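Shown here is one chain on its own, the form deposited in one PDB entry, set out as structure tokens.
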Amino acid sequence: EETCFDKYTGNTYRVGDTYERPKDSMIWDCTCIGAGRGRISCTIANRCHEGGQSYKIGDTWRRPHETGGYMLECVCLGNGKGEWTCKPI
């Protein structure tokens, strides 16, 4: 049966398996497609890489406002663009 090998995780996957890959300071959502050539598809469209962290859609977090001296609350939206929102709290 057909497999993919991911050199970043070091693991072997079956077609349709989904997993996380650490690459270029980000976490990618990957899927083993195979297609006769161990084809893997990886995306960061559905994650929010803010502040050096990696969040999933619906995650919320807090981060300091640069200069204001208060915190922000942020929410990961994704929208196919790795997009998030922040507001003062």
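A residue's number is simply how far along the shown sequence it sits, counting from 1.
In what follows, reference is made to the form deposited in another entry, a form of this protein that is not presented.
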Task: Option at the hinge, rigid-body rotation between the shown form and the other one, list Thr31, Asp24, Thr60, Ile44 - done: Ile44
Task: CA-CA separation of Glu83 and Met26, closer or farther in the other entry than in the form shown [shift of 3 angstroms or more] - done: closer
Open item on the list: I want to verify one pair: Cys32 and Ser54. Are their C-alpha atoms nearer or more distant in the other entry compared with the form I supplied, knowing the change is 3 Å or more?
Closed with: farther
